[PDB]
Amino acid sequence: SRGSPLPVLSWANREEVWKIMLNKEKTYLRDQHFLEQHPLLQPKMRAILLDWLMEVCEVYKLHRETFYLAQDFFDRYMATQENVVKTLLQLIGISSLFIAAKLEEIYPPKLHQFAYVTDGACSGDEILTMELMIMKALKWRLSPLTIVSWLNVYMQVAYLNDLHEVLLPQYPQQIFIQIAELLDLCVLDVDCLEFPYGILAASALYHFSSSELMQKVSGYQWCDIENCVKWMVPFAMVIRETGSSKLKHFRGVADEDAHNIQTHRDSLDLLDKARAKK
């Protein structure tokens, strides 16, 4: 079974909080084969769309959490549909990001920016149509635990101090962005959806640390993550060869917060290197 990594919580009961989180990992399903419902689509098309959403996120200083919400909304929406044509993918992705930004950001960009970045491919009204199509097809289940939120949990446990206050941010920035960069690479490959989000985050963490740390912060046993770890090896290789990106700073964002902002990597070639090795 799974260890309970959370400390004693002053604000609620750690056992209840953890069991709720684990049930969130159960009721939100992802399907590594959903593109088989779309015979005109290829996995590279998904990678190109998601990579472009990362670019849009960086231009607008959106949170990592917003990107991963959009990624999850896109993957689960597409699993509810059939026979989507490639000319619709931009609209589905940008509307997923619009929903996610409205959920997650304090002051999100306005509708007109989400249309603007598509460079004429999508109008505002088209985005308003698609957002309703997405939310209804997902039955309004719009509160997943994203990949990056699992990484946030793990980092907080890892650097818990005397205070046992898991809600105030206590982890250093560089480790967070480096693991995140590996996850941003992996998520571009639809095969990642084979692994639960908490195992993807634990496996990326592992490739940047040790089994001791992985088990300490996630409660997984090595056999739980072994296949994911093995799958991730070439992506970790490509990142290590290329070297980790440095912390960027952002206009209007305090430097101590800048690690929370999604960055963009021209890493579709990295993705190809990683998959070529298999």
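Residue indices: 1-based, along the sequence shown. Basically, rigid core = biggest C-alpha set you can superpose within 1.5 Å across the two forms.
Asker: Which segment is farther from the shown form on average in 7 other deposited structures of this protein after a rigid core fit, 63-71 or 245-253, going by CA atoms?
Answerer: Farther from the shown form on average in 7 other deposited structures of this protein: 245-253.
Asker: So which moves more in 7 other deposited structures of this protein by CA, 171-179 or 136-144, given a superposition on the core?
Answerer: Looking at 171-179 versus 136-144 in 7 other deposited structures of this protein, the farther one turns out to be 171-179.
Asker: Is it the case that, in at least a third of the other entries compared (those modelling both flanking residues), residue 163 has no coordinates?
Answerer: Yes, residue 163 lacks coordinates in at least a third of the other entries compared.
Asker: May I ask you to compare 62-70 and 216-224 by their mean CA B factor in the entry and name the higher one?
Answerer: Going by the record's values, the stretch with the higher mean is 216-224.
Asker: Which has the higher mean CA temperature factor in the PDB entry, 254-262 or 18-26?
Answerer: Taking the mean B-factor of the alpha carbons in each, 18-26 is higher.
Asker: Quick one: which of 181, 165, 105, 75 has the biggest Cα B-factor according to the entry?
Answerer: Among 181, 165, 105, 75, the PDB entry lists the largest C-alpha B-factor for 165.
Asker: Which of these, 41, 50, 56, 229, has its C-alpha atom at the highest B-factor, as the entry lists it?
Answerer: So the option with the highest C-alpha B-factor is 41.
Asker: Quick check on the deposited entry: does the C-alpha B-factor of residue 119 sit in the lowest, middle or highest third of its chain?
Answerer: It falls in the top third of the chain.
Asker: Tell me, lowest, middle or highest third: where does the Cα B factor of residue 79 rank within its chain?
Answerer: Middle third - that is where residue 79 ends up once the chain's C-alpha B-factors are sorted.
Asker: Determine, from the deposited record, the chain-internal third of the Cα B-factor for residue 86: lowest, middle or highest.
Answerer: For residue 86, whose C-alpha B-factor we compare with every modelled residue in the chain, the answer is the highest third.
Asker: By its CA B factor, does residue 209 count among the lowest, middle or highest third of the modelled residues in the chain?
Answerer: Lowest third - that is where residue 209 ends up once the chain's C-alpha B-factors are sorted.
Asker: Place residue 187 in the lowest, middle or highest third of its chain's C-alpha B-factors, as listed in the PDB entry.
Answerer: For residue 187, the deposited C-alpha B-factor lands in the lowest third.
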